[PDB]
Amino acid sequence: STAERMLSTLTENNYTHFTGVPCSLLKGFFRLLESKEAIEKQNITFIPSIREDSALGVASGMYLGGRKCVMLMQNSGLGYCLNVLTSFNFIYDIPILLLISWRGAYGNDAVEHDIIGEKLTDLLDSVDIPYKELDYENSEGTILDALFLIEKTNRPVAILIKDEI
């Protein structure tokens, strides 16, 4: 449901290209991405990626080709591609919508997500990455605001997802 509405709203607004590394909370999105039905139906160009940094690099390259791309990732992977964002996308003004899975957002998650869970927003704010918390009651409006922000700044913006979609 929520994943379907997010992907539909992204596809209507000319966001058709996708790179990402999966996470447990973003399963439905990857279902719709790897579905042979949606690729031909929704004109979805999804590239499998080994690492978040390679995903972000390929997404930036596809942006340089005149297309609008978004990137999916677990919040842990933010510690792997951060340099890219701090040395490429925000330096060259190459925007990529970021769909980050906020693991550990409530502190009861697995031990591996403890630090990133309570410090995700602090990391993004300290490094000046703008984000928007996913409004599950009106997700289309949230990603609308995110697309508005990236078109106003020509720089990536993240959408934070802490519950399963």
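Quick note: we count residues from 1 along the sequence shown, nothing fancier.
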### Query
Quick one: higher average CA temperature factor, 26-34 or 98-106?
26-34
### Query
Do the CA atoms of 10-18 or those of 152-160 have the higher mean B-factor in the entry?
10-18
## Note on the structure
Listed options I44, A55, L124, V70: highest C-alpha B factor recorded at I44
### Message
Looking at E133, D128, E40, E118, which one carries the largest C-alpha B-factor according to the PDB entry?
### Response
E40
